[PDB]
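# Examination of the molecular architecture
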Amino acid sequence: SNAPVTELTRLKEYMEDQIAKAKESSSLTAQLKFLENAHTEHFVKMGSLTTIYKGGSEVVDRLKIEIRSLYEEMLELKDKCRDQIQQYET
């Protein structure tokens, strides 16, 4: 399989791209799809990192911290989108 540094580097770029497009977009449907793209890729890549990474790598550990920061920001944007959906429904 690919190296942990390779997977997390590509995951970082993917999540940054999707989160950027969600913040740029003024369409709630597009925002939900952008956040869904990032959420799915994060779940797959992070859940499989156990298989290829054992720990002890400063770059991989630093990438994990930066990915978690992207993940946390992704969760706020999903909460903001959910807030807007609830407004429409009420």
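In this document, every chain is numbered from 1 following its sequence as written, which may not correspond to the numbering used in the entry; residues for which no coordinates exist are not shown. No hydrogens and no water enter the side-chain calculation; it runs on all heavy atoms of the structure.

As deposited, the entry is annotated with X-ray crystallography as its determination method and 1.944 Å as its resolution.

The protein chain is annotated in the PDB entry as Lem22 from Legionella pneumophila subsp. pneumophila ATCC 43290. According to the PDB record, the title of this entry is "Crystal structure of Legionella pneumophila effector lpg2328".

## So, the environment of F43
Put simply, DSSP marks the helices as runs of H or I at least four residues long and the strands as runs of E at least two long, and each gets a number from the N terminus on. Within the secondary structure layout, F43 lies in helix α2 (residues 28-47). Put simply, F43 and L32 are 11 residues apart on the chain and 16 Å apart in space, counted from C-alpha to C-alpha.

## Points about the pattern of salt bridges
Basic side-chain nitrogens of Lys or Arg form a salt bridge, by our definition, when they fall within 4 Å of a carboxyl oxygen of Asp or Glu. This structure, assessed with the given rule, holds five salt bridges. The partner of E7 in a salt bridge is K45, with the nearest N and O atoms 2.9 Å apart. A residue pair is termed long-range when its members are at least 10 positions apart, and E7 in helix α1 (residues 4-24) and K45 in helix α2 qualify at 38 residues. Its relative accessible area of 25% is what places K45 among the partly exposed residues. Notably, a salt bridge pairs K12 with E66, separated by 3.0 Å at the nearest N-O pair. Note that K12 is positioned in helix α1 and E66 in helix α4 (residues 58-89), a separation of 54 residues in sequence. Residue exposure (1.4 Å probe, protein chains only): buried if accessible area is under 20% of the type maximum, exposed if over 50%, otherwise partly exposed.

## A few points about the nonpolar core
Definition used in this section: a nonpolar core is a set of buried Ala, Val, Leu, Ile, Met, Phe, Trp, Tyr and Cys residues joined via side-chain atoms within 4.5 Å. In terms of nonpolar packing, the biggest core is built from 16 residues, with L8, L11, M15, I19, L35, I67 and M74 touching the most fellow members. Secondary-structure elements contributing two or more residues to this core are α1, α2 and α4. The element that contributes the greatest number of residues to this core is α4, accounting for seven residues. Apart from the residues within four sequence positions on either side, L8 is in contact with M46, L49, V60, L63, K64 and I67. The contact criterion used throughout is that any non-hydrogen atoms of two residues lie within 4.5 Å.

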